[PDB]
Number of protein chains: 4
Amino acid sequence: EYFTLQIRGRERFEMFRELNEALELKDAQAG
Amino acid sequence: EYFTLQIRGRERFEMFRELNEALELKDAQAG
Amino acid sequence: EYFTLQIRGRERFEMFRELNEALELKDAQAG
Amino acid sequence: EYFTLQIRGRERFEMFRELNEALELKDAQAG
């Protein structure tokens, strides 16, 4: 049930944040 | 500065989880 | 602008393959 | 074993380039 991941690095977070965002978009076009 | 990012993806999270642990190891060598 | 990247990891490649297709999708929606 | 992945992005490539180099380093620690 969900997995919280704390990232101390601001850059690293931005990366995963971009992947998480693009991942959610794929779901919209992949049910 | 830590950042909590909740993700509902076992694979997606596993990715960032490996990228976070891999990025921390590189710091030990880098400067 | 192209950069041929050769890797001996079927798993690692599969990852970037998903990230590549996910990046093109998010880029198409944005501008 | 090899998998040539043609990338058409300087940023995207830089990402996989860091993930590829970071993955190879893990092999030295884990095996």
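All other residues whose Cβ lies under 15 angstrom from that of D:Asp27 are scored, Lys and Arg at +1 and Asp and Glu at -1, for a net of -1.
Around the Cα centre of the protein assembly as shown, unit charges on the Cβ atoms of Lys, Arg, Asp and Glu (plus for the first two, minus for the last two) sum to a dipole of about 40 debye.
Here's how it looks for D:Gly9: its modeled amide H is under 5 Å from those of C:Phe3, which are all 5 or more places away or on a different chain. Based on the reciprocal of the average 1/r between different C-alpha atoms, the Kirkwood radius for the protein assembly as shown equals 15.6 Å. Using Cα positions and a limit of under 13 Å, work out the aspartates and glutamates in reach of A:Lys26, with same-chain residues fewer than 8 apart set aside. Hits, sequence-local ones excluded: A:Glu18, C:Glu18, C:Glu21, C:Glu24, C:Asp27.
When we count neighbours, we look across all protein chains shown, and the Cβ atoms used for this are built from the backbone with ideal geometry, even at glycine. Only the coordinates and a few stated rules stand behind these numbers; no lab work does.
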